[PDB]
């Protein structure tokens, strides 16, 4: 029993319908009792999977009625009749018909929303860190949509490369945005050799790239 799902992902607007497909490589309809041994789970980042549906079509207690399941013993669907912001997650099907119990690979669900420009912030290194010999400069892109964004570091207007790392959040369960953190890391010696520290942000919501900057040792 190999479980497959389709599509691998989807992004649709709030209030739209979403159906997720799942197939088992043999039947999980039990002839003896005419039950389908098929469950669906919802999983958000950092959390365990959460049981939504079992017996292919029975909604688990406490689950919103916009979730429903249906199926044919080998082909199954999970439907969200009206997508809500908190539904962003990965959805897994799973057969419990025959050992080993097996899971599908998951279908990732994201919300497509209107364009939202990032709020761009910058943080100089702390004096505490600088005493340790290292300087980390943080550039923050808060609550933007879509996820695609580009950060460039400029130090005294010279474009940087090779000394930063960034990561993006999962999609926000309330406003369907993303946030991004980028850290430029230099030695204290290198940091103190320059004045202007800037991150430059390009995003679909910005008519021209936004630059956020500070002068080291100035206030």
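Residue numbers count along the first chain shown, from 1.
- Look at the C-alpha B-factors of 183-191 and of 165-173. On average they run higher in 183-191.
- The mean C-alpha temperature factor is higher for 67-75 when 135-143 and 67-75 are set side by side.
- Comparing C-alpha B-factors across 84, 94, 99, 107 in the deposited entry, the largest value falls on 99.
- Per-chain ranking of the deposited C-alpha B factor places residue 178 in the lowest third.
- Compared with the other modelled residues of the chain, the Cα B-factor recorded for residue 26 ranks in the highest third.
- Among all modelled residues in its chain, residue 52 ranks in the lowest third by Cα B-factor.
- Ranked by C-alpha B-factor against the other modelled residues of its chain, residue 43 falls in the lowest third.
- Among the modelled residues of the chain, residue 151 sits in the lowest third by CA temperature factor in this PDB entry.
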